[PDB]
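Okay, so here's the structure we're looking at.
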Amino acid sequence: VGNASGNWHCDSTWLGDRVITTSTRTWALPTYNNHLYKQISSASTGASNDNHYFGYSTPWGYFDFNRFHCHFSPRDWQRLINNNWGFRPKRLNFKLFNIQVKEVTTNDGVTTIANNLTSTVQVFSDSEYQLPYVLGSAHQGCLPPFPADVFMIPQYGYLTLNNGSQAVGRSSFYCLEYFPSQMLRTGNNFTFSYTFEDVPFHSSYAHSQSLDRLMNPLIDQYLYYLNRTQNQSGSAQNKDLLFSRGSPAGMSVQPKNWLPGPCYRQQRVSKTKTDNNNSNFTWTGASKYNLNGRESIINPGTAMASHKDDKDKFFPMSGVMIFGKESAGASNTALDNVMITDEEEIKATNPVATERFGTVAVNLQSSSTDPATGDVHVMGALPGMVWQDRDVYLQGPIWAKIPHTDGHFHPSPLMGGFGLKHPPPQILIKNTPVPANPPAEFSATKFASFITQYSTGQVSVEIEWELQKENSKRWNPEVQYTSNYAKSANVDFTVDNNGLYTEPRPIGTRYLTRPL
Amino acid sequence: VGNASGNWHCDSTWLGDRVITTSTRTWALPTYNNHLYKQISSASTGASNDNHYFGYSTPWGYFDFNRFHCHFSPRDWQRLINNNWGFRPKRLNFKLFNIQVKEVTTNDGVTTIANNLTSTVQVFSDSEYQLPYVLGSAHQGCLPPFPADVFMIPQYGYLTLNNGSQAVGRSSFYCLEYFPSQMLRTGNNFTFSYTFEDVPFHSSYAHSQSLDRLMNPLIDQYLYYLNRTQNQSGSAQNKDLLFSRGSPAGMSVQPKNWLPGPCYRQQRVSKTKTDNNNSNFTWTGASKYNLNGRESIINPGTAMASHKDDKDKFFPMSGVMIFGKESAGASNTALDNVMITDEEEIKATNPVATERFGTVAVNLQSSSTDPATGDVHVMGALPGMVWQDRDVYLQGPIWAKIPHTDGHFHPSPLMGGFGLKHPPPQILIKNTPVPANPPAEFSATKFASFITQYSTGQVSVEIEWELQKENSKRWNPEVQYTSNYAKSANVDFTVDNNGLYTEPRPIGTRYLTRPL
Amino acid sequence: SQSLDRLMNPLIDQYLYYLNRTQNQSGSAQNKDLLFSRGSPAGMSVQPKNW
Amino acid sequence: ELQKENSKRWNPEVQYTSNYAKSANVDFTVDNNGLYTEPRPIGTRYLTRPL
Amino acid sequence: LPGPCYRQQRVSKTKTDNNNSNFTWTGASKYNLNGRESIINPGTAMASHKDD
Amino acid sequence: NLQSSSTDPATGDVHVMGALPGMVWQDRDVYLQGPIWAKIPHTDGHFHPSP
């Protein structure tokens, strides 16, 4: 009661091929739905057969830290980037301590808050993945990137089989109260350990060679190919068949061994509105998939390059990660209030999201006006493909539960990060309802007179990350993320005079190089 | 919760060649910056390119006892002085107990304070010197020289590379929340031990001989020197060269072996305004150094004597330690509200801050009107120099972190005291934020509704001081600091009818004598 | 990350004083007098340093 | 013998890097005539530490 | 860099080459210590004469 | 001084130095009839305590 339940453990430790990050934040949890489960749907709303949903709202909250900046600090994030070809999660240690349940009452303008010492808050971990996993969707409410900040616990809500604002019979309704949970008073605590499964290192490197440019620029090939089918000689046209062998002179015609990654073309958009086509093609123009009638737009889809060459002003309509900007709005907001990621270090293996994959024949030439070369806007597969995946970001996601089905393909989370069959389980928390003064005679009616109260406390999260040191005999210097040494009124990743932490821009992880 | 976390340990123990002082004070710590870090600078203010700054304000407080009177009592300070040639710090024991976190609320004039039993206060020690050390600067907020007094914990604030109210890229922003800290409830406590590094004893002695007066006043020297170059004989002038050997008759011309300490002349100022020159030369006249454009005045600089001979009414414009006077103001204030220290027992080795170091030749005499003897106002170095350092005072500083660079010189803190590569680390303390009642639906916006509350408690500090007994065969009595045995209405170092502790005047440490 | 002249805490004053003004303003143009003030973030170039 | 850095500096550090921009000549290499050239001198002071 | 230096006045052994007057005191180099200043004998280790 | 449109230079003779990192010097030679030792004054500090 009068004894601390835990200490403030927050720091980072660098150990050769491993790094350990520990974060601690102060949280606050209010009573949700007034201790009630509620049925929710898109019934009697803006409608739209492509936005219908059916689920439930639980009085439970949940802890989430699926954002990198929850663990690594800007400086740490830098050290990782400039010196490591890759990294991965390993172990996990979750702590919940210093439970403070506060009771609140108001009257005639007077609002006084008191301590309900004899109160409990329930906690449990869905370590069997029996409940709907909602951490895969980049939602807000995670641990504040700034340690001194205080946050609220996001409310838990799930969805089920819906048929246009109307459920089916095979739909599932889950009750979190049907789970064994540990009740904690002001002097209690809650600990939990997790072990990440074996997954490939993240690509924190950028290729030094393009898939199409691997051969030796000094030696010819012992292979030949159809050079000219027209045959020049002074007769304008005379058919004939001629062949030639590859050479540094013509690299685009040499026989390769592999092919660029898959491709699902999207529409292009210029940052300068003055350069954009008119009309509102946001929806009617965007690329989307059709799933049981209701079709959904495609966010960062197939890992494709954002822009080509110098044209750094273009970007996929919905093929890039876009983060907020502290003060940014919810609906309006212009460019100067958002941050668009630039997937560029992928142009060496993956195609460009806006342009075509390639060209394919469509007919024969038997006395027919050949050819028929048609543009390809959607590929996928083909034995021999080689591609990079989407890069992760400081404020970007971390992991995502790989849907349990009969099959999948390169289960890399399209939003970036790691795909885990068994990811860090959901940690659910809830304030125990404390009924107010009951009547003086029995009433089998559902009780509804509860004492309004909330709870606060700290929370620690320790994660051990396995690194992968770089081994390159590259002679010339490397590209490194650095801060503008120039004079400035504001220091990047700090606080303003009003005291507010702002993240200047998103940061990738691909700066060091490696031969393809 | 209902059990004391510690006792009131405050006393002194004299043990031959060692003395142990233990102090205990009651502290109070309010929430700073509303749990926020803020960017601060001299942007949009009185300007002045010599007063620009750029730093940050932390919600953290800090414990400081870098003042002698925090440990030694007036009587103790006397015993030390009258009987010891020197002394030094040895061990350190810091205790933090009886944590009392109080919660406060106000409404319609009504202000009631309550106990938040289930609350914590964070504490940690920068034992790796990773954070900006701000104890070197004689700031206020230390432990009250009077035990019964209660004090507040000073707020922590640091500065970084600034370019005229505008930072650079190489500037550093530190977050104290990124440090592992121990959280304490009402029944918890915090202990810490430190070991002072090996440093020379402080000079608690005054020389019995002047550097220029060491030789035997009864014996001549076997060395000669140019006595007269004019040659008298009745021809008014006749060149010639004559030599003579040293003698008690002429001591100022005898060959010595050493030289007085360094010197950086300052302007002189008389206590009697009527004797002072007109105008405001405080700035345009004072001595200062130029560091990257912005120049800063020089406080107690090179250890030089304050006044010479009888002229005890003069003092360096900025070469002496000046303490307040309890009721003294901040800007105005006249002589009768300040206390100026008198560095006098140093005239035997060190020069006078106001006068010149000496005279130096500036040319030859080859048929040229010699000499050229020019005054010296700045010296430093020279093999053979010997000097004393600035004396410490009862209310004066104690230690100071020696800046980590490639080199330094006699790293004695100019303000006096001891120079420590690894000084007593900074002890930072902070009230854990307790969020008020949150909404009923999620909001990823930065939380800002906190329950206002403060904390109080005691704090113990034990320090073992190594002494250095005196060994002098001096026959005649010594000078001792004593109290005016005469009748008086007020007893020195006590309290008035209104109950207020006042320190009559500053006290040096140099009373006993020792042959040079 | 810090300049020798800029180490002190930009939030706390100093318990040390120094000769602030030797001219003394009051409406008599010039009137000598001696006045002192203690260091402050307001005037860092006049605060007592250590090195 | 090296001396690893131990700084709890939050914000990124200044690092020596190569101009990622397009260029006809790669720094610290050889020209068509085969001659090694060193673009410019390089210091060693990029990382930071509290004074 | 060469060692420290505290220049002194020069004197020729041949009086005929010396400047007039008695600069022995008013010309010599000395330090000031608490009012009473004292001449400087062999001070900073400096060479006596140069070249020939 | 500087040279900004100002009649430079200003090269002034030095008659007193001392210190400066990088200095190297010899000490006074001893003589057959010369001194031998000398007690180094006990103070807070000194510099190359060669008599």
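In the structure tokens, the first chain shown is A, the next is B, and so on; residue numbers restart at 1 for each chain, and ligands run from 1 in the order shown.
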### Message
List as a count of residues only the protein and nucleic acid residues near residue 136 in chain A, meaning an atom at most 10 Å away when only C-alpha atoms are counted, but skip any in the same chain fewer than 4 places from it.
### Response
11
Nearby residues (only C-alpha atoms) at most 6 Å from range 2-8 of chain E, same-chain spacing under 6 positions excluded, as a PDB file with N, CA and C atoms, in the first residue's frame:
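Written out: selection_19.pdb:
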ATOM      1  N   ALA B 361      62.251  45.089 -19.962  1.00  0.00           N
ATOM      2  CA  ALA B 361      62.942  45.874 -20.979  1.00  0.00           C
ATOM      3  C   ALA B 361      62.225  45.757 -22.321  1.00  0.00           C
TER       4      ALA B 361
ATOM      5  N   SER E  29      65.568  44.824 -14.990  1.00  0.00           N
ATOM      6  CA  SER E  29      64.267  44.169 -14.943  1.00  0.00           C
ATOM      7  C   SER E  29      64.016  43.601 -13.551  1.00  0.00           C
TER       8      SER E  29
ATOM      9  N   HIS F  15      58.557  40.773 -25.427  1.00  0.00           N
ATOM     10  CA  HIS F  15      59.645  40.893 -24.464  1.00  0.00           C
ATOM     11  C   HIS F  15      59.398  40.016 -23.242  1.00  0.00           C
ATOM     12  N   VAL F  16      58.271  39.311 -23.252  1.00  0.00           N
ATOM     13  CA  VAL F  16      57.903  38.428 -22.152  1.00  0.00           C
ATOM     14  C   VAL F  16      56.890  37.385 -22.614  1.00  0.00           C
ATOM     15  N   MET F  17      57.239  36.112 -22.449  1.00  0.00           N
ATOM     16  CA  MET F  17      56.393  35.024 -22.926  1.00  0.00           C
ATOM     17  C   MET F  17      55.936  34.094 -21.804  1.00  0.00           C
ATOM     18  N   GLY F  18      56.540  32.911 -21.742  1.00  0.00           N
ATOM     19  CA  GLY F  18      56.172  31.915 -20.753  1.00  0.00           C
ATOM     20  C   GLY F  18      55.056  30.999 -21.218  1.00  0.00           C
ATOM     21  N   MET F  23      56.546  24.041 -25.864  1.00  0.00           N
ATOM     22  CA  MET F  23      57.835  24.647 -25.548  1.00  0.00           C
ATOM     23  C   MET F  23      58.871  23.616 -25.111  1.00  0.00           C
ATOM     24  N   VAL F  24      60.131  23.900 -25.421  1.00  0.00           N
ATOM     25  CA  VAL F  24      61.242  23.024 -25.071  1.00  0.00           C
ATOM     26  C   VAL F  24      62.463  23.876 -24.750  1.00  0.00           C
ATOM     27  N   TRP F  25      63.046  23.675 -23.572  1.00  0.00           N
ATOM     28  CA  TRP F  25      64.162  24.513 -23.146  1.00  0.00           C
ATOM     29  C   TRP F  25      65.170  23.781 -22.264  1.00  0.00           C
TER      30      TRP F  25
END
#### Entry: residue 298 in chain A environment, 9 Å, only C-alpha atoms, sequence neighbours closer than 3 positions dropped, as an MDAnalysis selection string
chainID A and resid 286:289 301 318:319
#### Entry: 12 Å contact set for range 444-448 of chain A, only C-alpha atoms, chain neighbours under 6 positions out, as a ChimeraX atom specification
/A:33-36,433-438
### Residues of chain B within 7 Å of chain E, counting only C-alpha atoms, as a ChimeraX atom specification
/B:226-230,237,239-241,252-253,255-256,308,347,351-352,357-361,364-367,371,373,382
Preceding selection exported with C-alpha atoms as a PDB file, in the first residue's frame:
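File out.pdb, as written:
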ATOM      1  CA  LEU B 226      75.951  45.317 -11.671  1.00  0.00           C
ATOM      2  CA  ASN B 227      75.819  47.926  -8.901  1.00  0.00           C
ATOM      3  CA  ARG B 228      76.433  51.215 -10.713  1.00  0.00           C
ATOM      4  CA  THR B 229      76.790  51.990 -14.417  1.00  0.00           C
ATOM      5  CA  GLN B 230      77.148  55.759 -14.035  1.00  0.00           C
ATOM      6  CA  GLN B 237      78.947  61.333 -15.662  1.00  0.00           C
ATOM      7  CA  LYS B 239      80.121  55.578 -17.671  1.00  0.00           C
ATOM      8  CA  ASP B 240      82.199  52.736 -16.199  1.00  0.00           C
ATOM      9  CA  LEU B 241      80.976  49.418 -14.786  1.00  0.00           C
ATOM     10  CA  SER B 252      65.743  43.962  -3.185  1.00  0.00           C
ATOM     11  CA  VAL B 253      68.814  43.460  -5.370  1.00  0.00           C
ATOM     12  CA  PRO B 255      69.628  37.008  -6.460  1.00  0.00           C
ATOM     13  CA  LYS B 256      66.554  34.948  -5.552  1.00  0.00           C
ATOM     14  CA  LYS B 308      48.259  45.814  -0.217  1.00  0.00           C
ATOM     15  CA  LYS B 347      50.467  38.756  -0.427  1.00  0.00           C
ATOM     16  CA  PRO B 351      50.945  39.602  -6.605  1.00  0.00           C
ATOM     17  CA  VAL B 352      48.283  42.276  -6.090  1.00  0.00           C
ATOM     18  CA  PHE B 357      53.297  42.289 -12.012  1.00  0.00           C
ATOM     19  CA  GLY B 358      56.617  43.974 -12.727  1.00  0.00           C
ATOM     20  CA  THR B 359      58.704  45.746 -15.362  1.00  0.00           C
ATOM     21  CA  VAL B 360      60.390  44.465 -18.528  1.00  0.00           C
ATOM     22  CA  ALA B 361      62.942  45.874 -20.979  1.00  0.00           C
ATOM     23  CA  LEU B 364      68.642  47.956 -26.366  1.00  0.00           C
ATOM     24  CA  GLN B 365      70.977  50.772 -25.296  1.00  0.00           C
ATOM     25  CA  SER B 366      73.390  50.947 -28.234  1.00  0.00           C
ATOM     26  CA  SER B 367      73.714  54.746 -28.241  1.00  0.00           C
ATOM     27  CA  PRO B 371      65.950  51.918 -20.970  1.00  0.00           C
ATOM     28  CA  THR B 373      61.125  49.308 -18.751  1.00  0.00           C
ATOM     29  CA  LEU B 382      57.620  30.885 -16.203  1.00  0.00           C
TER      30      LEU B 382
END
Contact check, chain B to chain A, at most 6 Å, counting only C-alpha atoms, closest pairs as a tab-separated table:
residue	atom	partner	partner_atom	distance
B:1	CA	A:2	CA	4.2
B:36	CA	A:499	CA	5.6
B:37	CA	A:499	CA	5.2
B:38	CA	A:499	CA	4.3
B:39	CA	A:497	CA	4.6
B:118	CA	A:100	CA	5.8
B:166	CA	A:489	CA	4.6
B:167	CA	A:488	CA	5.3
B:168	CA	A:487	CA	4.2
B:169	CA	A:485	CA	3.7
B:170	CA	A:485	CA	5.9
B:177	CA	A:147	CA	5.3
B:178	CA	A:10	CA	5.4
B:179	CA	A:10	CA	5.5
B:180	CA	A:9	CA	4.4
B:181	CA	A:8	CA	4.6
B:182	CA	A:7	CA	4.5
B:183	CA	A:7	CA	4.5
B:184	CA	A:4	CA	5.3
B:185	CA	A:4	CA	4.8
B:186	CA	A:2	CA	5.2
B:187	CA	A:2	CA	4.9
B:188	CA	A:3	CA	5.8
B:438	CA	A:30	CA	5.4
B:440	CA	A:32	CA	5.6
B:442	CA	A:154	CA	5.6
B:444	CA	A:141	CA	5.5
B:447	CA	A:151	CA	5.7
### Task
Tell me which protein, DNA and RNA residues are within 8 Å of residue 333 in chain B, counting only C-alpha atoms, leaving out same-chain ones fewer than 4 positions away, and put them as number ranges by chain.
B: 328-329, 337-338; C: 35-37
### Task
Please report, as a list in words, each residue of chain E to which DSSP assigns helix (DSSP H, G or I) when run on this structure's backbone.
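The helix (DSSP H, G or I) subset of chain E is residues 15, 16, 17, 23, 24, 25 and 26 of chain E.
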Quick one: write out the picked residues with N, CA, C and O atoms as a short mmCIF file (atom, residue, chain, number, x, y, z; two decimals), in the first residue's frame?
data_model
loop_
_atom_site.label_atom_id
_atom_site.label_comp_id
_atom_site.auth_asym_id
_atom_site.auth_seq_id
_atom_site.Cartn_x
_atom_site.Cartn_y
_atom_site.Cartn_z
N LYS E 15 83.17 49.65 -21.50
CA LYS E 15 82.42 50.83 -21.06
C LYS E 15 82.26 51.84 -22.19
O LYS E 15 81.22 52.50 -22.30
N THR E 16 83.29 51.96 -23.02
CA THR E 16 83.28 52.92 -24.13
C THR E 16 82.12 52.64 -25.08
O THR E 16 81.72 53.52 -25.85
N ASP E 17 81.57 51.43 -25.01
CA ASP E 17 80.49 51.03 -25.90
C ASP E 17 79.14 51.17 -25.20
O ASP E 17 78.09 51.09 -25.84
N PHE E 23 71.74 53.28 -15.20
CA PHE E 23 70.51 52.53 -15.41
C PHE E 23 70.51 51.21 -14.65
O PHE E 23 69.59 50.40 -14.79
N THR E 24 71.54 50.99 -13.84
CA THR E 24 71.66 49.77 -13.05
C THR E 24 70.34 49.39 -12.39
O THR E 24 69.95 48.23 -12.41
N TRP E 25 69.66 50.38 -11.81
CA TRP E 25 68.41 50.14 -11.11
C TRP E 25 67.21 50.53 -11.97
O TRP E 25 66.33 49.72 -12.25
N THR E 26 67.19 51.79 -12.39
CA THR E 26 66.06 52.33 -13.15
C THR E 26 65.89 51.65 -14.51
O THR E 26 64.86 51.82 -15.17
#
Select all residues from chain F having any atom no more than 8 Å from an atom of chain B (counting only C-alpha atoms, ignoring ligands), output as a PDB file with C-alpha atoms, in the first residue's frame.
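Here's the written file part_23.pdb:
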ATOM      1  CA  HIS F  15      59.645  40.893 -24.464  1.00  0.00           C
ATOM      2  CA  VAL F  16      57.903  38.428 -22.152  1.00  0.00           C
ATOM      3  CA  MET F  17      56.393  35.024 -22.926  1.00  0.00           C
ATOM      4  CA  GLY F  18      56.172  31.915 -20.753  1.00  0.00           C
ATOM      5  CA  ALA F  19      54.169  28.712 -21.218  1.00  0.00           C
ATOM      6  CA  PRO F  41      59.056  26.531  -1.249  1.00  0.00           C
ATOM      7  CA  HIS F  42      56.052  24.643   0.141  1.00  0.00           C
ATOM      8  CA  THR F  43      52.990  26.167  -1.516  1.00  0.00           C
ATOM      9  CA  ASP F  44      49.888  25.157  -3.468  1.00  0.00           C
ATOM     10  CA  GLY F  45      51.789  25.005  -6.741  1.00  0.00           C
ATOM     11  CA  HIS F  46      54.912  25.759  -8.747  1.00  0.00           C
ATOM     12  CA  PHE F  47      56.404  25.341 -12.223  1.00  0.00           C
ATOM     13  CA  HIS F  48      59.528  23.420 -13.251  1.00  0.00           C
ATOM     14  CA  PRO F  49      60.883  23.948  -9.693  1.00  0.00           C
ATOM     15  CA  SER F  50      64.445  24.205 -11.020  1.00  0.00           C
ATOM     16  CA  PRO F  51      66.439  26.610  -8.800  1.00  0.00           C
TER      17      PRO F  51
END
### Task
as a PyMOL selection string, please: all residues of range 9-143 of chain B that backbone DSSP puts in strand (DSSP E or B).
chain B and resi 11-15+18-29+38-41+54-63+84-107+110-115+121-126+139
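Going from CA of residue 231 in chain B to CA of residue 246 in chain B covers 18.8 Å.
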Return as a tab-separated table the residues of chain C lying at most 8 Å from chain D, together with the closest atom-to-atom pair for each and the distance in Å to one decimal, counting only C-alpha atoms, with rows in chain order and ascending residue number.
residue	atom	partner	partner_atom	distance
C:1	CA	D:50	CA	5.1
C:2	CA	D:51	CA	5.5
C:3	CA	D:51	CA	7.4
C:4	CA	D:51	CA	7.5
If you keep N, CA and C atoms, can you produce a file of those selected residues as an mmCIF file, in the first residue's frame?
data_model
loop_
_atom_site.group_PDB
_atom_site.id
_atom_site.type_symbol
_atom_site.label_atom_id
_atom_site.label_comp_id
_atom_site.auth_asym_id
_atom_site.auth_seq_id
_atom_site.Cartn_x
_atom_site.Cartn_y
_atom_site.Cartn_z
ATOM 1 N N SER C 1 29.772 19.520 -26.775
ATOM 2 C CA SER C 1 28.383 19.926 -26.950
ATOM 3 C C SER C 1 28.089 21.185 -26.142
ATOM 4 N N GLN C 2 29.117 21.708 -25.482
ATOM 5 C CA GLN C 2 28.977 22.901 -24.656
ATOM 6 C C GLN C 2 30.208 23.791 -24.766
ATOM 7 N N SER C 3 29.989 25.102 -24.726
ATOM 8 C CA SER C 3 31.085 26.063 -24.753
ATOM 9 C C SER C 3 31.509 26.412 -23.333
ATOM 10 N N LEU C 4 32.818 26.506 -23.120
ATOM 11 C CA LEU C 4 33.380 26.762 -21.797
ATOM 12 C C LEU C 4 32.621 27.859 -21.053
#
9 Å contact set for residue 33 in chain C, only C-alpha atoms, chain neighbours under 4 positions out, as a PDB file with C-alpha atoms, in the first residue's frame:
ATOM      1  CA  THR B 272      34.164  54.954  -0.442  1.00  0.00           C
ATOM      2  CA  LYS B 273      32.303  56.179  -3.526  1.00  0.00           C
ATOM      3  CA  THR B 274      33.639  59.671  -2.826  1.00  0.00           C
ATOM      4  CA  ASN B 276      35.942  56.550  -6.873  1.00  0.00           C
ATOM      5  CA  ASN B 278      33.061  58.876 -12.142  1.00  0.00           C
ATOM      6  CA  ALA B 334      24.509  48.758  -1.483  1.00  0.00           C
TER       7      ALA B 334
ATOM      8  CA  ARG C  21      26.876  49.637 -11.949  1.00  0.00           C
ATOM      9  CA  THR C  22      29.409  52.243 -10.835  1.00  0.00           C
ATOM     10  CA  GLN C  23      27.679  55.233 -12.433  1.00  0.00           C
ATOM     11  CA  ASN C  24      24.344  55.117 -10.603  1.00  0.00           C
TER      12      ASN C  24
END
### Message
Quick check, in Å to one decimal: how far apart do CA of residue 96 in chain B and CA of residue 175 in chain B lie?
### Response
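CA of residue 96 in chain B sits 23.1 Å away from CA of residue 175 in chain B.
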### Query
Got a sec: who's within 10 Å of residue 1 in chain F, counting only C-alpha atoms, leaving out chain neighbours fewer than 4 positions off, as a VMD selection string?
chain F and resid 6 to 11
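A straight line drawn from CA of residue 271 in chain B to CA of residue 314 in chain B is 6.3 Å long.
Residue-level contact on chain D: within 8 Å of chain A, counting only C-alpha atoms, the set is residues 9, 10, 11, 12, 13, 14, 15, 16, 17, 18, 19, 20, 26, 27, 28 and 29 of chain D.
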